[PDB]
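> Everything below, folded, please.
(chains A, B, C and D, ligands or ions: 4)
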Amino acid sequence: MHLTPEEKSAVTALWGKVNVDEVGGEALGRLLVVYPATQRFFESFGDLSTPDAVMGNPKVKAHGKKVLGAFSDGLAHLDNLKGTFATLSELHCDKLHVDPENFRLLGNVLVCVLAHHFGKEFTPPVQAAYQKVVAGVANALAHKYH
Amino acid sequence: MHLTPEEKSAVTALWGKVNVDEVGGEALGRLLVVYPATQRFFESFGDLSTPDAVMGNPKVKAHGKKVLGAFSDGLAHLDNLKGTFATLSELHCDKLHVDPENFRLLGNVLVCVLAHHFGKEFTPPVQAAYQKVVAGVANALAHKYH
Amino acid sequence: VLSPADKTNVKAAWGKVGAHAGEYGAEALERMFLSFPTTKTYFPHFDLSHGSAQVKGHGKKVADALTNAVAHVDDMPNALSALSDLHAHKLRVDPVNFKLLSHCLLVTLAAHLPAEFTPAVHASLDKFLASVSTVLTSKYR
Amino acid sequence: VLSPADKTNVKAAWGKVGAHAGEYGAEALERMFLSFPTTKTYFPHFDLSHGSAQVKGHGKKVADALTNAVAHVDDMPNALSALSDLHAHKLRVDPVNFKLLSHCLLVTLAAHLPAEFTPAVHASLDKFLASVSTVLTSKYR
Ligand code: HEM
Ligand code: HEM
Ligand code: HEM
Ligand code: HEM
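Numbering: from 1, shown residues only, chains lettered A, B, ... in the order given. Ligands and ions are numbered 1, 2, ... in the order given. Sure, the structure comes next:
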């Protein structure tokens, strides 16, 4: 994907300070809370009945860490998101049956978490660079759907 | 734009049966009727007071011919839509200020029109091929927005 | 909101559908699966092959529901109550998908009702499907 | 719909915005114009540069409308009647844009109210902005 030098540096710089374990858990937990329909993919995760239950669920935090970790990998290959995510794209379609619209929801929830965690440092221009990145990632993940 | 040879033929073949002027007027009139917000760009066209006034407005009809003529020429360049529509993309953004969401609405109204026009010949597979084309064109027209 | 003329248009167009409601429902689903493949993510348990009984059966349940809503166009919320709970608590279909099915139902109606599918009826049907979609996704959160 | 806890959450959060509501409204618009460039198509007559007084002025009007909505959370349609008319009959902003502004407002709140922006509050605010959005586009057609 296409990022200006300014956008790439804003992206890269912020990510250097993100604890993936921590943000990953928060991002997935908030998704399940704000968009409860998404719980349809995690029936075996335990108790997701309340925000507190969702947020302290170890299975949620574990999964959260896995997802953002794969997300961190694509950040290293911004020039070829589609090639980077082809295998997971096919997995998510063929085995998991996840509607790609959910990739977009997660992308928006992640932006919210970054703004929450970073405050004032997450400026309008920084957000803009991240918005382009999560849409890119969402597109790369839906690419092999059929 | 990636279409199988089968899909391209389905597209080309039906298109060969279209009265561009007629379908053009119908599609633009129907956009204006079904999605009235779209009238925001056409206040100088006169009377758009009712379905009948819209469908019968000579300015609406002329604009539809113009829009579908361009669309039509684009069907000759399925392999280079971005290239084919780059200048119009710029115009629509910089001078016309048209939210690209409207290209998507028109594309769906166009498919409804073709279905109405062709009846049973507009099969599920023919619709699918046209769906790809209308999305392709919408994307190409939104490409230069900034 | 559906104006009084909208309700008259829907009732008139749906009336014509009549006995073909179930075959139209199956066709609209087939059009959706082909045009918008991501919608298949919700039917991994189905034989989605052309003319499968599973699709014909589902298509008929979908049309019946539509028939119930037209019949109770003044009180959809109460009429689709049960359907609204199932979609909100079990199915949990992303709302985007309702807009794709609605589009395929309009294309189907267009392909089958040459005489009745005027600009005004088209507008009324679009609004009606949007209303149904809103009622069905209303208890999601 | 907005449950009693939702209403409680919104009033709490909004309460804390307090006097900064206008500054947050401007920040939200700026976020929107940078993140979703297509939204700029509705303000061809504005200076959209960082610090623009037009944006700041517009931000205060938006924020003031939201304050009015929170105050009348139980009777939004009537409170926002004039604004629904305006958007439906004059401005005619595609409904998709409301989702983009709502997202940017959430981002702004997150960035300014760390303590208050809990997952529960986040969910209630999202539901509230969706409700305002719905009211604002209810008379389009
Ligand atoms: C940021 C976008 C995402 C990325 C990069 C991503 C990545 C991954 C990865 C790396 C796995 C592990 C594969 C394995 O070894 O089994 C996985 C599994 C999974 N993902 Fe995604 N994911 C994303 C978004 C989503 C979303 C939005 C959902 C649904 C809301 C979802 C649902 C699942 C499920 C259900 C599994 C299987 C978990 C299990 O084994 O129970 N993913 N994902
Ligand atoms: C397939 C999608 C479309 C195509 C191919 C297209 C093509 C065109 C063309 C060829 C022109 C004339 C350019 C010129 O003056 O040199 C034009 C102008 C214009 N278009 Fe688009 N258009 C599309 C969609 C739309 C939509 C959906 C709207 C608004 C809802 C719109 C609004 C306008 C307006 C307002 C003008 C200027 C008319 C005038 O000055 O008389 N267009 N478009
Ligand atoms: C106009 C909108 C819709 C209507 C009226 C509708 C109606 C129905 C009805 C009547 C049923 C059967 C309930 C029963 O057997 O008791 C059902 C089930 C179902 N619907 Fe919805 N539906 C709509 C939209 C959607 C959409 C957009 C999707 C996904 C793309 C969807 C996915 C499903 C699924 C997966 C089932 C269960 C299928 C089965 O296992 O039999 N529906 N719907
Ligand atoms: C929560 C959502 C929104 C609220 C509460 C809201 C509220 C308002 C208010 C209070 C005004 C000023 C009316 C007056 O002049 O008295 C206004 C005008 C306007 N709004 Fe909305 N609005 C919302 C969403 C949007 C969105 C998403 C857009 C487009 C991206 C938009 C575009 C405009 C425009 C172009 C004007 C006129 C500005 C001018 O020329 O001064 N609005 N809105």
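> Tell me how many other residues crowd residue 82.
Using chain A. Close neighbours of residue A:82, defined as other CB atoms under 10 Å in any protein chain shown, add up to 16. Backbone N, C-alpha and C define where each C-beta goes, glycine included.
> oops, I was thinking of chain C
Around residue C:82 there are 9 residues (other CB under 10 Å).
> in what helix or strand does residue 84 lie?
Here I'm looking at chain A. With the criterion set as DSSP states H and E, the secondary-structure element containing residue A:84 is helix A:81-94.
> oops, chain C please
helix C:81-86.
> next one: that helix to chain centre, how far?
On the basis of CA atoms, centre = their mean, to the nearest Å, helix C:81-86 sits 15 Å off its chain's mean C-alpha point.
> Quick check: next helix or strand after that helix?
Taking DSSP H and E as the definition, the helix or strand that follows helix C:81-86 towards the C-terminus is helix C:96-112.
> Any part of that following helix near ligand 3?
Yes. Counting by CB under 6 Å from any ligand atom, ligand 3 is contacted by helix C:96-112 at C:97, C:98, C:101.
> Stretch A:18-37 too?
No. For a cut-off given as CB under 6 Å from any ligand atom, stretch A:18-37 has no contacts with ligand 3; the smallest distance is 11.6 Å.
> what sits up against that stretch?
Outside of stretch A:18-37, the residues within contact range by CB atoms under 8 Å, 6 or more residues apart in numbering or on different chains are A:38-39, A:42, A:48, A:51, A:54-55, A:57, A:60-61, A:63-69, A:71-72, A:105-106, A:109-110, A:112-114, A:117, C:88, C:92-94, C:140-141, D:119-120, D:122-123, D:126.
> Might you calculate how far that stretch sits from the centre of the chain?
Averaging C-alpha coordinates over stretch A:18-37 and over its chain gives two centres that are 8 Å apart (CA atoms, centre = their mean).
> would you put the C-alpha positions of it in PDB?
Written as PDB, here are the backbone C-alpha positions of stretch A:18-37 (Å, rounded to 0.1, in the frame of the first residue of the first chain):
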ATOM      1  CA  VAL A  18       2.500  -0.200  21.700                       C
ATOM      2  CA  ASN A  19       2.600  -3.200  24.000                       C
ATOM      3  CA  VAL A  20       0.900  -5.700  21.600                       C
ATOM      4  CA  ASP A  21      -0.300  -8.100  24.300                       C
ATOM      5  CA  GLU A  22      -2.000  -5.200  26.100                       C
ATOM      6  CA  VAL A  23      -3.500  -3.400  23.200                       C
ATOM      7  CA  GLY A  24      -4.500  -6.600  21.500                       C
ATOM      8  CA  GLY A  25      -6.600  -7.700  24.500                       C
ATOM      9  CA  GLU A  26      -8.300  -4.300  24.800                       C
ATOM     10  CA  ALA A  27      -9.100  -4.100  21.100                       C
ATOM     11  CA  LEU A  28     -10.700  -7.500  20.900                       C
ATOM     12  CA  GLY A  29     -12.500  -7.000  24.200                       C
ATOM     13  CA  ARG A  30     -14.000  -3.700  23.200                       C
ATOM     14  CA  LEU A  31     -15.100  -5.200  19.800                       C
ATOM     15  CA  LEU A  32     -17.100  -7.900  21.700                       C
ATOM     16  CA  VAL A  33     -18.600  -5.300  24.000                       C
ATOM     17  CA  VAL A  34     -19.400  -2.500  21.500                       C
ATOM     18  CA  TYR A  35     -20.500  -4.900  18.700                       C
ATOM     19  CA  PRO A  36     -21.900  -7.900  20.500                       C
ATOM     20  CA  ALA A  37     -23.000  -9.600  17.300                       C
END
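> What residues of it count as buried?
If you call a residue buried by 16 or more other CB atoms under 10 Å in any protein chain shown, then stretch A:18-37 has these buried ones: A:18, A:20, A:23-37.
> What residues does residue C:25 make contact with?
C:58, C:59, C:60, C:61, C:62, C:63, C:66, C:105 are the contacts of residue C:25 under CB under 8 Å, 6+ apart.
> whoops, I mixed them up, residue C:94
A:37, A:99, A:101, A:102.
> again, 10 Å this time
Listed by CB atoms under 10 Å, 6 or more residues apart in numbering or on different chains, the contact partners of residue C:94 are A:35, A:37-38, A:40, A:99-102, A:104-105, C:38-39, C:41-42, C:137, C:140.
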